[PDB]
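Before any comments, here is the structure.
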Amino acid sequence: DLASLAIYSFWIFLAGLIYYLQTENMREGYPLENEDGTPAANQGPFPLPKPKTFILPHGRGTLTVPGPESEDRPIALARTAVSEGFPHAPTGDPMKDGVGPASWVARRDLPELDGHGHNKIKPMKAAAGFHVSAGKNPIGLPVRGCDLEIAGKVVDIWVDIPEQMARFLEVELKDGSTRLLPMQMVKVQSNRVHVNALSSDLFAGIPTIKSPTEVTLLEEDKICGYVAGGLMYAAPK
Amino acid sequence: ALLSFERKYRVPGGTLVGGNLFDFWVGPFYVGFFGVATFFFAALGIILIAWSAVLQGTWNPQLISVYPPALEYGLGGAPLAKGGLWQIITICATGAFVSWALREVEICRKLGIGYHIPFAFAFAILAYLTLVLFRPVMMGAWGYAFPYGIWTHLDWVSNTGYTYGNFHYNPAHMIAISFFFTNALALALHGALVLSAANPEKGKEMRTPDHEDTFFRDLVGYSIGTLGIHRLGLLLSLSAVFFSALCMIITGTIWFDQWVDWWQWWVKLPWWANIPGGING
Amino acid sequence: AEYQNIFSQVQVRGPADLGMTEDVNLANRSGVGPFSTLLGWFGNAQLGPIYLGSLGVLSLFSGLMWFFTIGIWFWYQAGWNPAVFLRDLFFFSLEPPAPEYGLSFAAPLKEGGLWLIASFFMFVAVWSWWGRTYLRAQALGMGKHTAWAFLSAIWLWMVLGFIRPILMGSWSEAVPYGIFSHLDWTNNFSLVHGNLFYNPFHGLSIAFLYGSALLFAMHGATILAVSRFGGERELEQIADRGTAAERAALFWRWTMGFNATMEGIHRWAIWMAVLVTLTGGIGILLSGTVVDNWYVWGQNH
Ligand code: BCL
Ligand code: BCL
Ligand code: BCL
Ligand SMILES: CC[C@H]1c2cc3[nH]c4c(c3C)C(=O)[C@H](C(=O)OC)c4c3nc(cc4[nH]c(cc(n2)[C@@H]1C)c(C(C)=O)c4C)[C@@H](C)[C@@H]3CCC(=O)OC/C=C(\C)CCC[C@H](C)CCC[C@H](C)CCCC(C)C
Ligand SMILES: CCNc1nc(NC(C)(C)C)nc(SC)n1
Ligand SMILES: [Cl-]
Ligand SMILES: [Fe+2]
């Protein structure tokens, strides 16, 4: 019967679609590894997808996935156990070393570009026309950690130009240098900006930006990662 | 085994209960206290389904159905065979879902991300609890709840619906469907858009977010943006399930008639209600 | 408490983006509209510009003629009475021809001919718009994923209004133009066909509709949870994996044993949603033409 043929045919199609979808979702992270870094014997029942290639805009080269995969950075961690399935403990300061919830990825040390090739993220002071249009303006307000002490004052907002949104708060410390705090890790209030993640003394630990009018994808990961890592690692204060 | 980038994230910490006792993985799966709790509740609920199946005299998953107690039991416990197995399986289901959620929270803490996912999964849980717990309690009996079987639960939806005429007329059911339909529409569009920028026309460089914005501006005169759309998808899906729960918690508790009667608050209103013409006059 | 990134704390307005030129003909691009502070709390504030080419205006004009045809018939059912119009707005219905007329365009205006005229305008309006989702993408150098997923919706629509009624031999099998009437048609359709719950394609369509709400709740939550590492910027994560992508995947790998990638999840998304209308179209198309009674058919096969 024709409905029987339709339904049975669809289940064949759906198993084929799932298979394709799961291999499409193996273009990063695979092949799986043992805990010592070497390739694992068991890789699951779905095969590695055969490579594809994205041509990146603005002369940025090309990404091939899947392909040669490394962390290309030191991982300060040590095995907790002989067998598999156990945690790996930080050998050092996990916040400054970039592990666990303080982790970052070795992304390209260049800034994200919009469609006309200019920097995507710029401080509002170097962004002709940009102003706070609604809600509380945080510029000039004290920045307060979770030990309730003042780490500094907000001196600017770094905006995603194409999307028109506030991404970071540039904060001046005791010593006069500045750091970027992601906007989704702050609570702007009528008389201060509160950062639950970090205590005041730990803001200097936030990695710094090389150039003062641009931020690279590598620096953003280092920054974002370090701040969110504070939720675990600064917590005992 | 591990993903190539996973090792650096497999640190101790994040647990709410048990300290470091259950702080480990089985293969890919994180365990935690709530992983052993999930397993205990899921193990026990599955064993009780299989017991219900030996009692029903079938192994066919198409036919296995665990019915809740008859209405005459009210909110009392019932003997295993006559609704007691449903009651225990429901308790086990509830403890598994809540434990799964709390386990997601532990996983969130270890990875230092927001708690948006378990907060969201909680709406599904509340919808389940509406059909299985809240509505039955307000209505006076566990028997008003749905039976656990692949086809028998559909018949429950049919019988419950047709108790109130066409259930389409439930105004909160209309809002929920609107949110469901709009959700799938939105998911299709977002999935397409990202894919259309990442996988552009042959002989073209990968597109930027500006292209995504420009496409939705050209087509519709408005782009909600990358943050906005993921906000929107979350809002739509959650709203759909919230108005699902709402439309059921009011059915048979503060509303008892055919749902089509609701709409007379508009038709039979005194001033235009008499006027000759139209459909209802 | 902890900031959730559902609504923005501080909005920021700047020079409006006029957008990417690429191969777009700027002659058909309108001026920039104003900013909405209300929309800005949730998404972008900028309104417009919009593109309105030869195909977009055809679509707008046919879509309006559809609305003005349904509307002129609703007024006539009301006896030209504005009070009666508002009261019974949801109860008015432009019904198709009765079965006696079969697939003929020869029905008088007042008994289904106006339905055929409405259907013509809606047919031109949808297909004009579909060509438009295609052309907008082409001009920007993008993939045609939006057009191909849109065909899935058009397919369900085409079956309800056109392909099913034609194989059934009468326009009377099509869906009437009314708020409440289209719901009643939906209920009769299931009753007539021996309970649509037992149509396996209806049950698939449900699995995908429910599954679309599941998947968007998952992905929306996921991205908001990693927006603190710039996770909403999905294209740069595809080109250059960031810790946002990595944490997202590990959240799910640890939770359910397997995960997606930043690109890959959007493939899960487009298929989950597309399979709603794809399966649904098939299931409706098979009702009446091949299977009279789904419950009965189910108990044998
Ligand atoms: C004749 C039947 C009636 C009717 C009677 C009813 C009744 C009765 C109900 C609905 C409900 C719903 N109806 Mg109706 N409905 C009708 C026609 C329609 C039409 C239509 C096209 O005409 C539409 C679009 C809908 C749409 C809907 C939805 C809005 C809603 C179900 C979603 C939901 O609640 O999710 C909620 C999600 C859940 C409950 C899922 C819970 C998930 C849990 C937490 C996790 C499970 C984990 C699992 C065990 C693990 C598996 C393990 C491994 C994977 C192996 N109905 C007709 C008119 N409808 C229901 C509703 O709103 O209920 C709240 C409801 O009770
Ligand atoms: C929401 C309103 C009604 C309802 C109305 C309908 C209607 C109408 C339909 C379904 C259908 C289904 N419903 Mg239901 N369903 C309800 C509540 C539930 C609950 C619950 C505990 O709350 C569960 C687990 C299910 C599960 C299911 C699936 C068996 C089936 C496909 C849905 C799907 O893929 O969703 C999306 C989810 C995913 C894509 C994730 C995967 C979920 C997997 C596939 C579910 C496996 C369930 C498994 C057999 C449960 C046993 C677990 C073991 C004991 C370990 N329903 C409530 C009571 N349900 C469809 C069907 O074909 O029924 C036969 C269908 O047409
Ligand atoms: C008593 C009634 C029956 C029933 C009878 C039917 C019938 C009949 C049908 C469904 C259909 C569906 N039912 Mg049902 N359904 C019932 C109970 C349920 C229940 C439940 C009890 O929980 C659920 C979850 C569902 C769920 C579903 C969906 C999975 C499916 C609709 C998918 C869709 O996306 O359509 C919405 C999307 C569209 C209709 C696409 C149309 C898009 C067009 C092209 C856009 C035009 C826009 C227009 C120009 C104007 C607006 C534009 C503005 C300018 C913005 N049904 C009951 C049992 N159901 C449909 C299906 O596919 O079934 C196989 C269908 O035909
Ligand atoms: C609220 C918006 C939508 C939503 C969101 C959502 N669902 C979610 C999540 C989110 C955010 C998760 O994080 C979580 C997840 O991990 O998914 C991958 C989940 C989830 N949604 C799931 C299912 C599900 N969600 C559904 C719906 C929705 N989920 C909503 C539409 C539906 C339906 C019917 O529409 C289903 C079937 C699971 C895949 C997963 C939760 C997995 C879980 O809880 O695991 C622990 C429990 C077990 C392993 C088994 C428990 C066994 C029980 C003791 C026995 C079964 C009893 C049951 C009551 C009988 C059912 C018989 C039926 C035939 C009626
Ligand atoms: C870059 C995000 N742009 C965007 N914009 C819009 N606009 C509406 C209002 C149609 C949802 N949608 C998407 S996907 C739905 N993405
Ligand atoms: Cl056009
Ligand atoms: Fe996304």
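Here, A, B, ... name the chains of the structure tokens in the order displayed, residue numbers run from 1 inside each chain, and ligands are numbered from 1 in the same displayed order.
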
Quiz prompt | Distance filter 6 Å, only C-alpha atoms, chain B against chain C, as a ChimeraX atom specification | solution = /B:28-30,113-114,116-117,184,187-188,191-192,196-197,199-201,214,217-218,221-222,224-228,230-231,233-234,237,267,277-278

Give me a file of those residues, with C-alpha atoms, as a short mmCIF file (atom, residue, chain, number, x, y, z; two decimals), in the first residue's frame.
```cif
data_model
loop_
_atom_site.label_atom_id
_atom_site.label_comp_id
_atom_site.auth_asym_id
_atom_site.auth_seq_id
_atom_site.Cartn_x
_atom_site.Cartn_y
_atom_site.Cartn_z
CA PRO B 28 31.36 11.30 27.93
CA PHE B 29 28.71 11.55 30.70
CA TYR B 30 29.30 13.65 33.81
CA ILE B 113 28.43 29.32 31.95
CA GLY B 114 24.96 30.69 32.72
CA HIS B 116 19.83 29.30 31.20
CA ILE B 117 19.47 25.67 30.09
CA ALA B 184 9.34 26.46 14.33
CA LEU B 187 14.06 28.07 14.11
CA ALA B 188 13.87 27.38 10.34
CA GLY B 191 19.12 27.84 11.04
CA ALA B 192 18.84 28.86 7.38
CA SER B 196 23.43 30.77 4.31
CA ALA B 197 26.15 33.06 5.61
CA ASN B 199 27.83 28.26 3.31
CA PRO B 200 27.37 30.99 0.64
CA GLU B 201 27.13 30.84 -3.17
CA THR B 214 21.22 42.96 5.56
CA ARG B 217 16.53 44.00 6.51
CA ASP B 218 16.04 43.61 2.70
CA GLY B 221 12.72 45.74 7.04
CA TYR B 222 14.08 44.55 10.39
CA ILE B 224 16.61 41.40 15.39
CA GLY B 225 20.32 40.60 15.59
CA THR B 226 22.41 37.66 16.82
CA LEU B 227 21.75 38.14 20.48
CA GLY B 228 18.11 39.02 19.85
CA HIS B 230 18.60 33.45 20.47
CA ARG B 231 16.70 35.51 23.08
CA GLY B 233 13.81 31.51 20.30
CA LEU B 234 14.11 30.99 24.02
CA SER B 237 9.52 28.11 23.02
CA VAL B 267 -20.73 38.17 20.34
CA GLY B 277 -27.24 40.58 10.25
CA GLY B 278 -23.96 38.71 10.22
#
```

Exercise. List the neighbours of stretch 107-121 of chain C out to 7 Å using only C-alpha atoms; skip same-chain residues closer than 6 positions along the sequence, and give me the result as number ranges by chain.
Key: C: 62-63, 65-66, 69-70, 94-97, 101

For the selection you just gave me, I'd like the residues written to a file as a compact mmCIF listing (two decimals), in the first residue's frame, keeping N, CA and C atoms.
```txt
# COMPACT_ATOMS: atom_id res chain seq x y z
N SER C 62 -0.64 41.57 -4.56
CA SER C 62 -1.47 40.36 -4.54
C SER C 62 -1.86 39.98 -3.13
N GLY C 63 -0.97 40.19 -2.18
CA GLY C 63 -1.30 39.92 -0.80
C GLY C 63 -2.38 40.84 -0.26
N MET C 65 -4.68 42.33 -2.24
CA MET C 65 -5.88 41.97 -2.99
C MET C 65 -6.57 40.75 -2.36
N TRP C 66 -5.76 39.88 -1.76
CA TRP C 66 -6.24 38.73 -1.01
C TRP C 66 -6.98 39.22 0.24
N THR C 69 -10.15 41.12 -0.67
CA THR C 69 -11.17 40.23 -1.21
C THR C 69 -11.86 39.50 -0.07
N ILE C 70 -11.08 39.05 0.90
CA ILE C 70 -11.64 38.42 2.10
C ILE C 70 -12.46 39.49 2.84
N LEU C 94 -15.06 32.97 4.13
CA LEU C 94 -15.10 32.80 2.70
C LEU C 94 -14.93 31.32 2.38
N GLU C 95 -16.04 30.63 2.14
CA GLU C 95 -16.01 29.21 1.89
C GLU C 95 -15.74 29.00 0.42
N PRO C 96 -15.10 27.88 0.07
CA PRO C 96 -14.95 27.48 -1.33
C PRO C 96 -16.28 27.02 -1.93
N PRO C 97 -16.31 26.73 -3.23
CA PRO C 97 -17.50 26.16 -3.86
C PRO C 97 -17.90 24.86 -3.21
N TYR C 101 -19.92 21.71 -7.93
CA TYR C 101 -19.11 22.43 -8.93
C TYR C 101 -17.75 21.82 -9.22
```

Self-check item: 6 Å contact set for residue A:104, only C-alpha atoms, chain neighbours under 3 positions out, as a ChimeraX atom specification
Solution: /A:98,221-222,225 /C:243

Since we have the selection now, will you write its residues out, keeping C-alpha atoms, as an mmCIF file, in the first residue's frame?
```cif
data_model
loop_
_atom_site.group_PDB
_atom_site.id
_atom_site.type_symbol
_atom_site.label_atom_id
_atom_site.label_comp_id
_atom_site.auth_asym_id
_atom_site.auth_seq_id
_atom_site.Cartn_x
_atom_site.Cartn_y
_atom_site.Cartn_z
ATOM 1 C CA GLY A 98 43.780 29.316 31.600
ATOM 2 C CA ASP A 221 38.846 34.682 24.910
ATOM 3 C CA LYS A 222 41.614 35.202 27.502
ATOM 4 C CA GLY A 225 37.526 33.101 30.156
ATOM 5 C CA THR C 243 35.798 28.756 24.224
#
```

Exercise. Could you tell me, as an MDAnalysis selection string, which residues of stretch 9-230 of chain A DSSP assigns to strand (DSSP E or B) when given the backbone?
Key: chainID A and resid 33 39 52:55 62:65 77:79 88:90 113 119 121:123 131:135 142:144 150:160 165:173 178:182 187:188 193:194

Exercise. May I have the residues within 6 Å of ligand 4, computed using only C-alpha atoms and all ligand atoms, as a PyMOL selection string?
Key: (chain B and resi 38+41-42+45-46+92-93+96-97+100+117-118+120-121+123-124+148-150+153+237-238+241) or (chain C and resi 210+213-214+217-218)

Exercise. Quick one: everything within 12 Å of residue A:18, counting only C-alpha atoms, minus sequence neighbours fewer than 2 positions away in the same chain. Send it as an MDAnalysis selection string.
Key: (chainID A and resid 11:16 20:25 46) or (chainID C and resid 264 267:268 271:272)

Quiz item: Could you list, as a ChimeraX atom specification, every residue of chain A that has an atom within 7 Å of an atom of chain C, counting only C-alpha atoms?
Solution: /A:3,21,24-25,28,63,104-105,107,129-137,162-166,182,184-188,196,221,224-225

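Across the structure, atom CA of residue A:76 and atom CA of residue B:8 are spaced 8.2 Å apart.
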
For chain A, list the residues within 9 Å of chain B, counting only C-alpha atoms, and write the list as a PDB file with C-alpha atoms, in the first residue's frame.
```pdb
ATOM      1  CA  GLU A  28      35.397  19.846  15.365  1.00  0.00           C
ATOM      2  CA  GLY A  29      36.847  17.987  18.327  1.00  0.00           C
ATOM      3  CA  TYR A  30      37.241  14.652  16.553  1.00  0.00           C
ATOM      4  CA  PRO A  31      38.919  12.280  16.450  1.00  0.00           C
ATOM      5  CA  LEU A  32      38.397  11.550  20.135  1.00  0.00           C
ATOM      6  CA  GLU A  33      41.499  11.208  22.316  1.00  0.00           C
ATOM      7  CA  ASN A  34      42.579   9.262  25.391  1.00  0.00           C
ATOM      8  CA  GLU A  35      43.474  11.352  28.418  1.00  0.00           C
ATOM      9  CA  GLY A  37      46.461  13.084  24.189  1.00  0.00           C
ATOM     10  CA  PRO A  39      43.963   9.036  19.541  1.00  0.00           C
ATOM     11  CA  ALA A  40      41.409   6.745  21.206  1.00  0.00           C
ATOM     12  CA  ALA A  41      40.689   3.203  20.042  1.00  0.00           C
ATOM     13  CA  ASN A  42      36.926   3.637  20.271  1.00  0.00           C
ATOM     14  CA  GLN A  43      35.621   6.479  18.049  1.00  0.00           C
ATOM     15  CA  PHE A  54      35.602  27.960   4.268  1.00  0.00           C
ATOM     16  CA  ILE A  55      37.238  30.841   2.396  1.00  0.00           C
ATOM     17  CA  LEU A  56      37.472  33.627   4.989  1.00  0.00           C
ATOM     18  CA  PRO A  57      36.823  37.263   3.951  1.00  0.00           C
ATOM     19  CA  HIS A  58      39.372  40.124   3.925  1.00  0.00           C
ATOM     20  CA  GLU A  69      44.010  19.669  15.594  1.00  0.00           C
ATOM     21  CA  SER A  70      46.085  20.978  18.551  1.00  0.00           C
ATOM     22  CA  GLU A  71      45.539  23.224  21.577  1.00  0.00           C
ATOM     23  CA  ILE A  75      47.769  23.062  29.590  1.00  0.00           C
ATOM     24  CA  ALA A  76      48.683  23.344  33.297  1.00  0.00           C
ATOM     25  CA  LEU A  77      46.810  20.233  34.481  1.00  0.00           C
ATOM     26  CA  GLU A  84      39.925   7.293  32.817  1.00  0.00           C
ATOM     27  CA  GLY A  85      36.912   9.417  33.810  1.00  0.00           C
ATOM     28  CA  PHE A  86      38.499  11.410  36.627  1.00  0.00           C
ATOM     29  CA  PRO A  87      39.193  15.133  37.047  1.00  0.00           C
ATOM     30  CA  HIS A  88      42.475  16.785  36.179  1.00  0.00           C
ATOM     31  CA  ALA A  89      43.716  19.180  38.870  1.00  0.00           C
ATOM     32  CA  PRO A  90      45.350  22.558  38.141  1.00  0.00           C
ATOM     33  CA  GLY A  98      43.780  29.316  31.600  1.00  0.00           C
ATOM     34  CA  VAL A  99      42.194  26.014  32.676  1.00  0.00           C
ATOM     35  CA  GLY A 100      38.811  24.803  33.815  1.00  0.00           C
ATOM     36  CA  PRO A 101      36.142  27.513  33.763  1.00  0.00           C
ATOM     37  CA  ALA A 102      38.988  30.042  33.332  1.00  0.00           C
ATOM     38  CA  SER A 103      39.851  28.411  29.990  1.00  0.00           C
ATOM     39  CA  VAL A 105      41.217  28.959  23.140  1.00  0.00           C
ATOM     40  CA  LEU A 113      36.208  42.346  11.241  1.00  0.00           C
ATOM     41  CA  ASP A 114      32.809  43.592  10.095  1.00  0.00           C
ATOM     42  CA  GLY A 115      31.712  43.386   6.422  1.00  0.00           C
ATOM     43  CA  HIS A 116      33.607  46.459   5.146  1.00  0.00           C
ATOM     44  CA  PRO A 162      27.387  46.452  13.333  1.00  0.00           C
ATOM     45  CA  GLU A 163      24.983  45.137  16.001  1.00  0.00           C
ATOM     46  CA  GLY A 225      37.526  33.101  30.156  1.00  0.00           C
ATOM     47  CA  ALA A 228      33.997  33.599  34.233  1.00  0.00           C
ATOM     48  CA  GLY A 229      36.705  31.542  35.941  1.00  0.00           C
ATOM     49  CA  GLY A 230      36.311  33.804  38.973  1.00  0.00           C
ATOM     50  CA  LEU A 231      32.928  32.272  39.751  1.00  0.00           C
ATOM     51  CA  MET A 232      34.764  29.077  40.761  1.00  0.00           C
TER      52      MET A 232
END
```
